[PDB]
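# Observations on chain architecture
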Amino acid sequence: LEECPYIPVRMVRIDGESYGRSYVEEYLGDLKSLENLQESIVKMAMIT
Amino acid sequence: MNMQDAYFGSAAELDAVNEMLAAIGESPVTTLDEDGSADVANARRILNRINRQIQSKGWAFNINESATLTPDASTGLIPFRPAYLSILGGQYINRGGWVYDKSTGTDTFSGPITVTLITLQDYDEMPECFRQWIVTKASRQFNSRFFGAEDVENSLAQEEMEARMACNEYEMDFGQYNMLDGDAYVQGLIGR
Amino acid sequence: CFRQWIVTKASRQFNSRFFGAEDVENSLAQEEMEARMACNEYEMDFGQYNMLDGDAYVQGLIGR
């Protein structure tokens, strides 16, 4: 058990789950919101 | 048209004509068919024109965005009946009395086509706010064309403006439009 | 909508050329203006013009 070459490493581990959750998921919502605002700002400049 | 009772389709239209007569100070009539004259007949003609003019503007209740037109069975021609006040949502232009396509230079259609349609609907089956606006606008137009008074037109202009606002509020109440969750583009941006 | 504008504009002209009343011309002047707006809205509703995706030059700039 202690020495196995195949070591599955995960970050943000939740009990009862076979896999970990990424760190970006905790802030994906802000990334989506910023994506839309930044897109529209660039769109306005092209109209300009 | 009133399928429940044909009386309501004629009683309501009698009152509309009987109300435009009072706009110029005329005694009410009792039977529309048995009272020909040259003043009732003029009144009905203006009421008919005003009715489809207001309907053709496009409102939340008389616009059907999912209306379909079946293009015959053997041929593919859709007759452009005069009941179609405005056929928009595409490129159909009424080429030769039939429905054209503009984008595709064709007149025959293989199957039914969906399009946003406004169909001429009877006066008696309009919302009450729109019924008041149609009569008030028609009576104002019926004054200027034939009577052409001065203080009568000033009073009727205020009434038409007041009646138009009531329809505008109902149009908003009917649709209850939203700029956050009813908006076709912000809804995607709100998603998080 | 275009038919109503044609009739209203023609009747307003037909007054001035031949009958030439005063209160009739004032009333028809407002009617012609109102009918012209209705045709203008139908022009935009039919065309659905866009300044970002329907525009001939900005659409190229949108590409990324």
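As annotated in the PDB entry, chain B carries the name phage tail tubular protein A and comes from Klebsiella phage Kp9. According to its PDB record, this entry is titled "CryoEM structure of Klebsiella phage Kp9 tail complex applied with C6 symmetry".

The PDB entry lists chain A under the name phage connector protein, from Klebsiella phage Kp9.

## Some details on the interface of chain C and chain B
Tallying the contact residues gives 11 residues for chain C and 17 residues for chain B. There are 3 salt bridges connecting chain C and chain B. Among the ionic pairs, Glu31(C) bridges to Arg145(B), the shortest N-O distance being 2.9 Å. Counting across the chain C and chain B interface gives 4 residue pairs in polar contact. Looking at the side of chain C that touches chain B element by element, the count peaks at 10 residues for helix 2 (residues 23–47) of chain C.

## Focus on a negative patch on the surface
Among the surface-exposed residues, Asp15(B), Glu19(B), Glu159(B) and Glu162(B) lie close enough to one another that they form a single negatively charged patch. Within the secondary structure, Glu162(B) sits in helix 4 (residues 151–175).

## Focus on the side chain of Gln53(B)
With respect to the secondary-structure elements, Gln53(B) resides in helix 2 (residues 40–55). Residue classification places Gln53(B) among the buried positions, given a relative accessible area of 14%. Within the structure, the side chain of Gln53(B) is placed 2.4 Å from the side chain of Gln4(C), a separation counted as a polar contact.

## Remarks on the environment of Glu125(B)
Residue and element names in this part refer to chain B. Mapped onto the elements, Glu 125 comes out in the loop between strand 3 (113–119) and helix 3 (128–147). A C-alpha to C-alpha distance of 33 Å links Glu 125 and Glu 150, two positions 25 residues apart in sequence. Excluding residues that lie within four positions of it along the chain, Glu 125 makes contacts with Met 1 and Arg 131.

## Some words on the sheet that holds strand 2 (residues 84–88) of chain B
Residue and element names in this part refer to chain B. If you walk across this open sheet you meet the 3 strands as 1-3-2, and the pairing is antiparallel. Unpaired on one side and paired on the other, strand 1 (63–69) and strand 2 mark the two borders of the sheet. Across this sheet, the average inter-strand angle for adjacent strands is 45°, counted without regard to direction. Sheet topology note: the strand 1/strand 3 ladder contains 5 bridges and is antiparallel. Directly across from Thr 68, in strand 3, lies its bridge partner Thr 114.

## What to know about the pattern of salt bridges
Using the criterion set out here, one finds 13 salt bridges over all chains in the structure. A salt bridge links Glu17(A) to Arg21(A); the shortest N-O distance between them is 3.1 Å. On the basis of relative accessibility, which here comes to 35%, the residue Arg21(A) falls in the partly exposed class. Note that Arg12(C) is salt-bridged to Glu32(C), the shortest N-O span being 2.4 Å. Here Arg12(C), found in helix 1 (residues 2–19), pairs with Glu32(C), found in helix 2; they are 20 residues apart in sequence, far enough to count as distant. Residue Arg12(C) is classed as partly exposed on the basis of its relative accessible area, which comes to 24%. Where salt bridges share partners, they join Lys57(B), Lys137(B), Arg140(B), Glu153(B), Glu160(B) and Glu34(C) into one cluster.

## A short note on the packing of helix 1 (residues 6–22) of chain B against helix 2 of chain B
Residues and elements named next belong to chain B. The contact between helix 1 and helix 2 brings their axes to 10 Å, and the two run at 110°. Here helix 2 runs roughly perpendicular to helix 1, going by the angle between their axes. Our pair here, helix 1 against helix 2, has a crossing hand that is right-handed. Along the contact surface, helix 1 presents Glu 13, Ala 16, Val 17, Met 20 and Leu 21, while helix 2 presents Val 40, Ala 43, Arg 44 and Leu 47. Grouping the amino acids of the contact of helix 1 with helix 2 by side-chain chemistry returns 7 nonpolar, no polar and 2 charged.

## As for the pairing of strand 3 of chain B
Two faces make up the sheet, and in a regular strand the side chains alternate between them. All names here are of chain B. The buried fraction of strand 3 is high, at 5 of 7 residues. The pairing of strand 2 with strand 3 spans 4 bridges and is classified as antiparallel. The residue bridging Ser 86 from the neighbouring strand is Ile 118, located in strand 3.

## A closer look at the side chain of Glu13(B)
Residue and element names in this part refer to chain B. Turning to its location among the elements, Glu 13 is positioned in helix 1. Judged by relative accessible area, which is 18%, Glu 13 ranks as buried. The contacts of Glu 13, once residues within four sequence positions are left out, are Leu 32, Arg 44, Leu 47 and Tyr 123.

## Focus: the packing of aromatic side chains
Residue and element names in this part refer to chain B. The tally for this structure, following the rule as stated, stands at 14 aromatic pairs over all chains. With 5.8 Å between their ring centres and 75° between their planes, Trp 59 and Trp 133 make a pair best called edge-to-face. Of this pair, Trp 59 sits in the loop between helix 2 and strand 1 while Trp 133 sits in helix 3, placing them 74 residues apart in sequence. We note that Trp 59, like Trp 133, is buried.

Procedures and definitions
Residues numbered from 1 in each chain as written, not as in the entry; some residues may be left out. Chains lettered and ligands numbered in written order. Part of a larger assembly, values for the part shown. Heavy atoms only, no water. Contact = heavy atoms within 4.5 Å. Salt bridge = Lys/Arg side-chain N within 4 Å of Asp/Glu carboxyl O. Polar contact = N/O pair within 3.5 Å; in protein donor to acceptor, adjacent residues only side chain to side chain. Helix = DSSP H or I, 4+ residues; strand = E, 2+ residues; numbered from the N terminus. Patch = residues over 30% accessible without salt bridge, like charges linked within 9 Å, V, L, I, M, F, W, Y side chains within 5 Å. Areas by Shrake-Rupley, 256 points an atom, 1.4 Å probe, with all protein chains shown as cover. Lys, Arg positive; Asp, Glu negative; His and termini not counted. Charge placed at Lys NZ, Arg CZ, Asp CG, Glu CD. Buried < 20%, exposed > 50% of the residue type's maximum accessible area, 1.4 Å probe, protein only. Pairing = 2+ DSSP bridges. Axes fitted to C-alpha atoms, helices over the stretch in contact; angles between N-to-C directions. Parallel < 35°, antiparallel > 145°, perpendicular 65-115°, else oblique. Left-handed = near helix turned anticlockwise from the far one by under 90°. Nonpolar A, V, L, I, M, F, W, Y, C, P; charged D, E, K, R; others polar. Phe/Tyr/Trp six-rings, centres within 6.5 Å; stacked < 30°, edge-to-face > 60°.

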